[PDB]
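[1] pasting the first bit of my complex, frame unchanged:
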Amino acid sequence: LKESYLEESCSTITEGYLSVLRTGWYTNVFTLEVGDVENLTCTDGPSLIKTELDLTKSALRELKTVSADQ
Amino acid sequence: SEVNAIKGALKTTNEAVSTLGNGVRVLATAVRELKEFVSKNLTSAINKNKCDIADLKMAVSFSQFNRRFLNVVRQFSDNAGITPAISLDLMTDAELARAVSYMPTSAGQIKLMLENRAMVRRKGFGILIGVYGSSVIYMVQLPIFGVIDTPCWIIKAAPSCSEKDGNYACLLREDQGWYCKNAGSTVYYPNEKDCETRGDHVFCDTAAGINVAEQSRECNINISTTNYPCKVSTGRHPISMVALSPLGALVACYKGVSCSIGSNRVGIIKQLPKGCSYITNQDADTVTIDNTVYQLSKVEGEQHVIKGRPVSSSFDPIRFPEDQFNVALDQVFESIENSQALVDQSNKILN
Amino acid sequence: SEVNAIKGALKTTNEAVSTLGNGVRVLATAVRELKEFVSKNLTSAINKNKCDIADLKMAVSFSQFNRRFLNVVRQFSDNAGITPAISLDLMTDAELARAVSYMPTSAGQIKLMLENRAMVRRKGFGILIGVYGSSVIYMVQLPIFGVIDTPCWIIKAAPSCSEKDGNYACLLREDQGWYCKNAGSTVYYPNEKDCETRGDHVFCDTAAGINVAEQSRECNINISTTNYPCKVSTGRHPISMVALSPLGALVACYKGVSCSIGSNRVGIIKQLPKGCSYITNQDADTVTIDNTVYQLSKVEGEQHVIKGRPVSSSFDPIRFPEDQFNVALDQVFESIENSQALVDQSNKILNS
Amino acid sequence: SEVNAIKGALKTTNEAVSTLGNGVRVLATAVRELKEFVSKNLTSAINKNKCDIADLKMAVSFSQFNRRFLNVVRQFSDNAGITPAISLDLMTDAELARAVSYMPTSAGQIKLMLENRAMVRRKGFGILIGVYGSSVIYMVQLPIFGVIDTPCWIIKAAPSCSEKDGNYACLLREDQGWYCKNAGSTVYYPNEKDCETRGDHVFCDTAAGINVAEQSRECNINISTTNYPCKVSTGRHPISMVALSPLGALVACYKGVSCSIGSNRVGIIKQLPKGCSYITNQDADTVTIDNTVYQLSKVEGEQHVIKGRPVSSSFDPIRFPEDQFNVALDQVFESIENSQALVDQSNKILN
Amino acid sequence: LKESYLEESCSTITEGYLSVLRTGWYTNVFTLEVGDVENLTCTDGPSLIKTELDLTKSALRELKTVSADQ
Amino acid sequence: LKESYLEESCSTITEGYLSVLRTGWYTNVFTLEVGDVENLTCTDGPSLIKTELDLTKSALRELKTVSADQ
């Protein structure tokens, strides 16, 4: 870079840069899904994976309310 | 005869056989208890432990395998349906490279995009569209850089005050900011943070751009030119400041302020006169105005190297010394048949 | 008188009894060793495994049960005591709906807010206030939208250059931006990004608003009305540019540049005359000036469908064959009982 | 005379002992099968369980020990090589305090920084430099506040309209925003959010600042002073609005509009006249213009106290009935020893 | 939405929008607490749950320094 | 704070604030590394810790593409 001091106007100019200017938008669409999960039936009730699945489903239900679609 | 004292001996012998049978019976009861314990209680405990281990494995593996989906959901929940950039989980590097290769531009633009994929990510963003079943649907919006490698220059100014008869006349340029030339006009960005510099390339934001005539360059040669109305603001009261520059600084000094060029460790290096002075980043380190000290460059400090704690295995397998047990059982198996043969000859004698 | 043979036969029987006793003693020692192994070492190992399993389960259950607290702590740590918006863990949907219901507004405003909860969240924020014991205290700040459903319009402009004998006169409107009509005045937002569009609804920022007279509307009919001083900037040197409009584009072509309407794949559709021209999104797809090509709409590319890998159970229970042990144990018990019955019968028969 | 009876009794006795020996050998086979099952099929399962538990512990401990590194990686991946602030995982509080103590400034500045750590973090940031092997290298950039404790004031305005035969004349000040006193000049910030308020201290942004003459304060005494060109804009058509002040509000009411102050539970408190009236945040709660109702202060709503669910231990250690088995084994040993001794007595008696 | 071309000044106006303007702030206060966690005395030295609890407490102590709680 | 009504100009001024102005940049550099991890060779098939290590390496490889140096 080359910086020049302009005495007449108490200013400087630093030239030597190269532009990158945006001219359009390029869009893609993604669809992410959870892999299928089997039931672990050896335990009746308090299942860790069942709790995780319920947490994910509730999080998805909450996220559905902030989506662009109604 | 001597048969008188053999009936009692036979009775004692068969009573001893009966008591040994009772001992073997209680030994068999103990064996029953041990076998039932090891078959019901320990087996059920192992089955429960196996079930719990499988549950833990399924939870951990769910996290590991769905990491990308979970991260996208987390980011959209955090920012409420929008993502400020294109994160590495919204779009992988191979996906981004393919998308850039598919863009309607030329080879040079495509190559520069594959070089500055970080900047294309930071200039893009993601939009959450909807949720269907157990799926999240979103759109990434990638920028298209169609203009590359044209001259751009940045302008910075400081007040220029001239004193006559004790009355001041200050002139300051309002052209400050980025100027990069384009086709048909030059784009002007008044704010210094409207354009982002990476290496030697400067990435400018189109929303903040202002199109001006290419004749705006004449302001950097003669402000009083009649070809272009250079925008300057006039004043009457002096102003003292330091305008930092990409490779230096402009310092203004007027009326009652004491300003000097100095360092950080040893102190003052030189006292500055009145007016504008241009100081290079290599000339000194700090600028002082009255009691205010301004740095010229970043003050490089400490360097830290932190490593996390180690993680070690705790596998301690089990082993049983079955050799002694096998030897004892073989001795039992031989002795039982030896006794069986002895009683066989005992009852064969009687004939 | 062959009594001597039976006098040694019983001695051999006694020796066999002693040998059987020694064998059963060795068997008892082996059984004792096996029982001491299984009762001590195996039970200790399985108890240790149980303790480690309980520790792992507590860690994961702690994460699962405190998810919300952990998430809010993580966000406040990431942003240093602030959050850029009201996240789903800062405030649930039911709490947000209740808070909107309790706001001091009217039914229409409350209904619109309940429809645009997303804009409510993105225009709100939360701040961290303190930590007490094992607790975090924070305040969410929700926006109250008291004004709804008034006309809004957006203005875009391009240079208007006229040539006379090589002397140009370019005019550019400076009224560009958003306008929303309010009570007593109109609010003007010079930047496009000041107001955000969702459907037909425009959510504007209060900090960026500038109140202007209702008579600013006349700038859209006669730009040179004496009723209102419309703000325009004059020039002398030509400027060529394309100003993107929400449903089209404005293209200005002057002096030595070549502007033309194109449609990507095929290419040139028509050359464009010198001056101002308006092109809609349905007319073409790109605008080319010299060597620069500007898109009119978003270029819709690929669509991806990625599914995560499956997770499966690995539960393989172990079953003990109790029947084959039980039959043998019943066999040994019945043999012992038969032996006792036989020795009792021998004692009974020995006497006359 | 009963030698035949003796022979028969001996034959039945040896048949009984043979049956007992056969039972003993069957029990020996059963215990052999039990031992082999326990030693192979159960030890293999317990070793597999141990290996799986070790894997789970290693994964969890990895997550726990490398937490800072993983959080830094996550944040840089989310924001694509940048971090909007200095998070608590980029730099700990002790490191932040040491770095503040090492800055080239004075004791008062250092003390204020250690008091306002949060603003230090929120005005700093961190950038990603590179990746080498299994390491992440990044730079954290801290702000140096060298000017502290000078007067600052904020100015807000509303249209001031006067009527003459129905022809209006409105004036509005354009000096709105933040001001802070500095050496050589005063810094002016046109936007309110350019400076952030914490307690009585205002943290201003260098990029947004505009250096202006110290004589700008005379606009707060007489706008029509010839000693300074105060920035005012004239108008002709009336404008009605409410400008929110830090401790009140400015409301302008003109022409065909109806403004009045009130509350949120009860209606009209007072009807306001035509022009500007200044209302403090203690006088009322809301301002109504026509049908538009503006709040004066934050409407403090509900307060929530939510506690997470408890976490409990599920440890149920297993135990064996050792005493009964030991008693049975001792009884077995004593019975077999007694049988051997008494059969020895019988053998000795048979002479 | 209806967009008009204004030929007299090379501009366009796009009408058909509906305003949503903020007029106040509505605040709520939340207090989130960690649920009860029990001893696990069977372990030896570094329990995983105790390590998690210490990590959470240290994170809370660091978070206390960035609060508005002067 | 003290706020005055400037009745002559329909404005107000709120005095009583104290400045904190930035004058320089202070920089540190950090190097975070992953602690040592061993084999657990007793597992048949993929292991959870090895999967976590592979995920960490993949995340590091992707993060390398957004670093300041190419």
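    Received it, and whenever you're ready, just let me know what you need. Numbering: from 1, shown residues only, chains lettered A, B, ... in the order given.

[2] Excluding chain neighbours, give the residue nearest to the residue of chain A most remote from its centre in space.
    In chain A, the residue that sits farthest from the middle, by Cα atoms, centre = their mean, is residue A:8; the gap is 48.9 Å. Closest residue to residue A:8 apart from its sequence neighbours, by Cβ to Cβ, 6 or more residues apart in numbering or on different chains: residue B:223 at 6.7 Å. Quick note: C-beta positions are derived from backbone N, CA and C, even for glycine.

[3] for that neighbour, what are its contacts?
    Contact analysis of residue B:223 by Cβ atoms under 8 Å, 6 or more residues apart in numbering or on different chains lists A:8, A:9, B:173, B:230, B:232.

[4] Return the member of these nearest to chain F.
    Using Cβ to the nearest Cβ, residue B:173 is the member of those that lies nearest chain F, at 23.4 Å.

[5] chain center to the longest strand along chain A, what's the gap?
    When chain A is parsed with DSSP state E, its longest strand is strand A:11-33. The chain centroid and the centroid of strand A:11-33 are separated by 17 Å, computed with Cα atoms, centre = their mean, to the nearest Å.

[6] Just after it, pick out the following helix or strand.
    The element immediately downstream of strand A:11-33 (helix or strand, assigned by DSSP states H and E) is helix A:48-63.

[7] Please report how far the residue positioned nearest the centre of chain A lies from chain D.
    For chain A, the residue nearest the mean C-alpha position is residue A:30 (11.9 Å; Cα atoms, centre = their mean). For residue A:30, the distance to chain D (Cβ to the nearest Cβ, to the nearest Å) stands at 17 Å.

[8] who does that residue bridge with?
    Beta-bridge pairing of residue A:30 under DSSP bridges involves residue B:138, residue C:304.

[9] could you dump the longest strand of chain A to CSV, C-alpha only?
    What follows is strand A:11-33 as a C-alpha-only set of coordinates in CSV (Å, rounded to 0.1, in the frame of the first residue of the first chain):
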residue,chain,number,x,y,z
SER,A,11,-5.5,14.9,4.5
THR,A,12,-4.1,11.6,3.3
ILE,A,13,-5.0,9.0,0.6
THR,A,14,-4.0,5.3,0.9
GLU,A,15,-4.4,3.6,-2.5
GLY,A,16,-3.5,0.2,-3.7
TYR,A,17,-6.7,-1.8,-2.9
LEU,A,18,-8.8,-4.1,-5.1
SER,A,19,-12.6,-4.2,-5.2
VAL,A,20,-14.9,-7.1,-4.5
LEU,A,21,-18.5,-5.9,-5.1
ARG,A,22,-21.7,-7.9,-4.7
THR,A,23,-24.2,-7.9,-7.6
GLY,A,24,-26.7,-10.6,-6.8
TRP,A,25,-28.1,-13.2,-4.3
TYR,A,26,-27.7,-17.0,-4.8
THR,A,27,-30.1,-19.2,-2.8
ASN,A,28,-30.2,-22.8,-1.9
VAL,A,29,-32.8,-24.9,0.1
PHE,A,30,-31.8,-27.4,2.8
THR,A,31,-34.0,-30.0,4.6
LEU,A,32,-32.5,-31.6,7.7
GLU,A,33,-34.2,-34.5,9.3
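
[10] throw chain G on there as well:
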Amino acid sequence: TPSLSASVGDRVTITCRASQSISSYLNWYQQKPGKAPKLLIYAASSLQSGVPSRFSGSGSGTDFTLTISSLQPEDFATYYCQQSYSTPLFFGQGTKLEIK
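    This next block brings in chain G, placed alongside the chains you saw above:
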């Protein structure tokens, strides 16, 4: 303050009236001599946890009523009604219960 005399087991009805309608923005307090007031009823119909069920709240708008079904020797105190409709908070003049 206005007083009331009643016997053990008697039904007592205390009535206080607001200047204007305040819906269900009303509270009841029970203060014993030498102590601090203890909340009894909030929102004019909700019984505070820990209060015996013999105390009841009723009314909406302008007329509100505190009723005690089966009087006890511990019930003798002073009772105030406070409106939560709008600040400033205002407390009733108080009705002192005295034994017969």
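
[11] Go back to the contacts of residue B:223, now with chain G?
    Residues counted as contacts of residue B:223 (Cβ under 8 Å, 6+ apart) are A:8, A:9, B:173, B:230, B:232.

[12] The last one reaches residue B:174, doesn't it?
    Read that as residue B:232. Yes: proximity of residue B:232 to residue B:174 meets the contact threshold set by Cβ atoms under 8 Å, at 6.4 Å.

[13] Would you list the phi and psi of the residue nearest the centre of chain G?
    Residue closest to the average C-alpha location in chain G (Cα atoms, centre = their mean): residue G:28, at 4.0 Å. Taking degrees, to the nearest 10, you get phi -120, psi 140 for the backbone angles of residue G:28.

[14] Skipping its backbone neighbours, what lies nearest it in space?
    Ranked by Cβ to Cβ, 6+ apart and with sequence neighbours excluded, the top spatial neighbour of residue G:28 is residue G:41, at 3.7 Å.

[15] what about that neighbour, distance to chain E?
    From residue G:41 across to chain E, the span is 25 Å (Cβ to the nearest Cβ).

[16] One more: residue G:69?
    38 Å.

[17] burial measure for the residue lying closest to that residue once chain neighbours are set aside, as a count.
    Leaving aside its chain neighbours, residue G:69 sits nearest to residue G:54 (4.8 Å; criterion: Cβ to Cβ, 6+ apart). Number of residues near residue G:54 (other Cβ atoms under 10 Å in any protein chain shown) recorded here: 14.

[18] Would you confirm that residue G:54 contacts residue G:74?
    No: in this structure residue G:54 lies outside contact range of residue G:74 using Cβ under 8 Å: 11.0 Å.

[19] Pick out the residue of chain G closest to chain F.
    Nearest to chain F, among the residues of chain G, is residue G:87, at 22.7 Å (Cβ to the nearest Cβ).

[20] any idea whether that residue is helix, strand or coil?
    Under DSSP: H, G, I helix; E, B strand; the rest coil, residue G:87 falls in the coil class.

[21] and it, how many residues sit next to it?
    When neighbours are defined as other Cβ under 10 Å, residue G:87 has 10 of them.

[22] what's near enough to touch the residue of chain G found nearest chain D?
    Nearest to chain D in chain G, going by Cβ to the nearest Cβ, is residue G:86, at a distance of 4.4 Å. Contacts for residue G:86 (Cβ under 8 Å, 6+ apart) come out as D:263, D:265, D:266.

[23] would a markdown table of the residues you listed with distance to chain G be doable?
    Listed next are the contacts of residue G:86 as a markdown table, based on distance: Cβ to the nearest Cβ, whole Å:
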| residue | distance to chain G |
| --- | --- |
| D:263 | 7 |
| D:265 | 4 |
| D:266 | 6 |
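
[24] add chain H to the structure above:
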Amino acid sequence: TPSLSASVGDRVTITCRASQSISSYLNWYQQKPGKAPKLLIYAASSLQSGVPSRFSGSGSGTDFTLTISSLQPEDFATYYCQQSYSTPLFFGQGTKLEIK
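    Time to bring in chain H:
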């Protein structure tokens, strides 16, 4: 529409020609009477999943060809070629296969 007559087991080559070069932006469809069109070839060389292998695509630029190696009685239908190079999407006039 232009028709073609062929026997069972015969080789048939359907040809359609674009106005200008369209690289490999071409598709083939098979429509049976009373039904909906079913994609057979996409990108002028890719065989759609579920299609018997005896159908083949070939060509680039302007000349494209659909070939069936061994005719079966279920192959009798109408075939159209559509270009995906640019909008509006255009479908070929159709070649109706008839039995001999």
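
[25] Same as before for the contacts of residue B:223, with chain H this time.
    By Cβ under 8 Å, 6+ apart, the residues touching residue B:223 are A:8, A:9, B:173, B:230, B:232.

[26] go on, residue G:27?
    Contacts of residue G:27 (Cβ under 8 Å, 6+ apart): G:39, G:40, G:41, G:42, G:43, G:44, G:81, G:82, G:83, G:84.

[27] ok now do the fourth one, which residues does it touch?
    Same thing as residue G:42. Contact analysis of residue G:42 by Cβ under 8 Å, 6+ apart lists G:27, G:28, G:48.

[28] again, 6 Å this time
    Residue G:42 sits next to residue G:27 when contact means Cβ atoms under 6 Å, 6 or more residues apart in numbering or on different chains.

[29] For it, list each beta-bridge partner.
    Residues in a beta bridge with residue G:42, per DSSP bridges, are residue G:46.

[30] gap between it and residue G:27?
    To residue G:27, residue G:42 is 5 Å away according to Cβ to Cβ, to the nearest Å.

[31] Also residue A:56?
    Residue A:56 is 44 Å from residue G:27, where distance means Cβ to Cβ.

[32] Next: residue A:13.
    On the measure of Cβ to Cβ, residue A:13 and residue G:27 end up 73 Å apart.

[33] can you list contacts of stretch G:28-35?
    Residues outside stretch G:28-35 that contact it (Cβ under 6 Å, 6+ apart) are G:37, G:38, G:39, G:40, G:41, G:66, G:77, G:78, G:79, G:80, G:81.

[34] Out of the residues you listed, which end up buried?
    Among those, those that count as buried by neighbour count (16 or more other Cβ atoms under 10 Å in any protein chain shown) are G:40, G:41, G:66, G:77, G:78, G:79, G:80, G:81.

[35] ok, those residues vs residue H:13, which is closest?
    residue G:41 (94.0 Å; Cβ to Cβ).

[36] Surely that closest one touches residue G:57?
    Yes: Residue G:41 is in contact with residue G:57 according to Cβ atoms under 6 Å; the separation is 4.1 Å.

[37] related to what we said a few turns ago, inside helices: which ones of the contacts of residue G:27?
    Of the contacts of residue G:27, none are assigned to helices by DSSP state H.

[38] Between which two of the residues you listed is the distance greatest?
    The largest separation in the contacts of residue G:27, counting by Cβ to Cβ, is between G:40 and G:83 at 15.1 Å.

[39] Just grab the bridge partners of residue G:58 for me.
    Beta-bridge partners for residue G:58, by DSSP bridges, are residue G:65.

[40] Tell me the spacing between it and residue G:23.
    According to Cβ to Cβ, residue G:58 and residue G:23 sit 13 Å apart.
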